[PDB]
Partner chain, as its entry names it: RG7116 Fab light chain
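Only one chain comes next, encoded as structure tokens, the form solved without its partner chain.
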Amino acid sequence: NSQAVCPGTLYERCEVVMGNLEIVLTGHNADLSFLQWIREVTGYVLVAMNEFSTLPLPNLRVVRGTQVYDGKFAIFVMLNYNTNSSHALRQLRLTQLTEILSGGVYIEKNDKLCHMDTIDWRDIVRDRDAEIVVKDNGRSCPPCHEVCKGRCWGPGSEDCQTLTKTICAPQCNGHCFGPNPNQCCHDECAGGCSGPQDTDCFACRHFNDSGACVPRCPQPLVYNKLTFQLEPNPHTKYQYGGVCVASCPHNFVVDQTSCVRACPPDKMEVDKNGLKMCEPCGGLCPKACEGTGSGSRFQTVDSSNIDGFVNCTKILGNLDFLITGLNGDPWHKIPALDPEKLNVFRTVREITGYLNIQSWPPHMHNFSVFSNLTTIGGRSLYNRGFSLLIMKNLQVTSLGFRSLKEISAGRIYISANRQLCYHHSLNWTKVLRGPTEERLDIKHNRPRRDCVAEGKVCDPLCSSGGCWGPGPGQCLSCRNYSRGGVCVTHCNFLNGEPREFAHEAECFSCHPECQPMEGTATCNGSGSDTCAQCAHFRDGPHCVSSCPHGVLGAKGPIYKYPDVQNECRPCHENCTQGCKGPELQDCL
């Protein structure tokens, strides 16, 4: 459907050129008809070093000049002739050129170019301080046809310039389609017009929706008067420059309400039912890095390679933490790894292969820098089929793999970690997948008894499943409820702050707009249409903080007021910027 727009740096049925139309160094027999439908060039037009005889831009009506050439020109036409032959630019068939919103005109030194000294350029240029430089071109050019009244883009009777502009009633501020005070141009007009409508503009001040000059494109979300909330808008159009389009140019993508070539750094390209859009990344954006060991040729994380993990959320391959990496290799001198630089791994959620820890800084008592690691794949293993191996780490008290829930394959080796507690009671089968028998080499860590006697056992709120360390937030799963991934004793159902509802075994807060009820449930769920009672105002089913005031519905903006009972009801049918009540006296 009429994707009428094209980039500048100008093909088949293009109507608007988003960007500049640059034409340089093209030969005399170039096919230029593909430029036929261009109606608007949002940049500037540059025509230099060519040898074709006629520039066919019959439909070109506006040159917007959002960008200008040489700092001052919306049109720049220079040097279009070969010396040792007579192939040259003879005609600018700009027969419909109606206006130029920004910048001036430079047409100089085109030896066979005629009639450019005839045009009233000040009539086309909207900028009163713009530069017009037309000179040293034609020589002996044939005269304008008798009809054209001394102004033409060519010799023919239909190659005339038409004066467009008229003196404007001081009422209109330059924008008028006649001299009378009646004939002001629509506000959404960049220049002049042929009549008072948003559909009669020569050019749009902000956006263009199927020919209509509008202040915004039809939005993604529209208030629904029967639903009392915003709703998806099936008539949404997105911004490509100043043109509302139904679909983005075909390898553009949508960053809410706009067409862009690639997502911003805080968002990521999701496909929604075949609609390429940009969704916000929950924190940081999915970056995968290749790991360490076999299939890489780092064989350990070290002070030379570590930064190559900054902001990395998925590891393609393995992560090996050997002694030479940690403490340095003075012989092939790799300096000693800075311990704090291990926090770069806090951002890791998946490891595709194995994790392998044979050395750790002695002051760090746990592998808590992997508190966000959820998944060890084990699709490549280490030694005797191990996906997780933790060996001879003498200062480590606890594992601290808070958020680990899946070791997809491989075996688990945790041995010689002589001060290691909290792992004795842990039920690996809830984490470890596949057949359970054969799979555990867990020996010669701290003796269980020692752990028990120092009170280094799981928090009581943990389930029979175990913990990765002391306290509620190290549990594998909670006995009852959890709030913010911390095991807890209850939810704030009938008292307490913030009041909450429970979904599955988690405590979530009620909507901020629900009124805290005393000794009865405040809500069944997260949405403001689930509260027992609104604090503040009710809008249909929804508890809101203040009634709608100018939210865009389908037929204009919606405006409401608070009732006696505080329920939002609509403003008088004959108001504008709102109301304080239903009466006609109450508006604005």
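Residue numbers count along the first chain shown, from 1.
Quick note: we don't show the form deposited with its partner chain bound, though the next part is all about it.
Proximity of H186, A190 and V214 to its partner chain in the bound PDB entry is absent: no residue of the three has a non-hydrogen atom within 4.5 angstroms. With its partner chain left out of view, the stretch that reaches within 4.5 Å of it through heavy atoms in the bound PDB entry is, among 460-468, 429-437, 123-131, 478-486, 123-131. With a 4.5 Å cutoff on heavy atoms, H206 does not count as touching its partner chain in the bound PDB entry; it lies far away. The closest non-hydrogen atom of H235 lies beyond 4.5 Å of its partner chain in the bound PDB entry. Although the partner is absent here, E108 lies within 4.5 Å of its partner chain in the bound PDB entry, judged by heavy atoms. Proximity of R449 to its partner chain in the bound PDB entry: non-hydrogen atoms within 4.5 Å are absent; the residue sits far from the partner. Among the residues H503, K135, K341, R349, the one placing a heavy atom within 4.5 Å of its partner chain in the bound PDB entry is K135.
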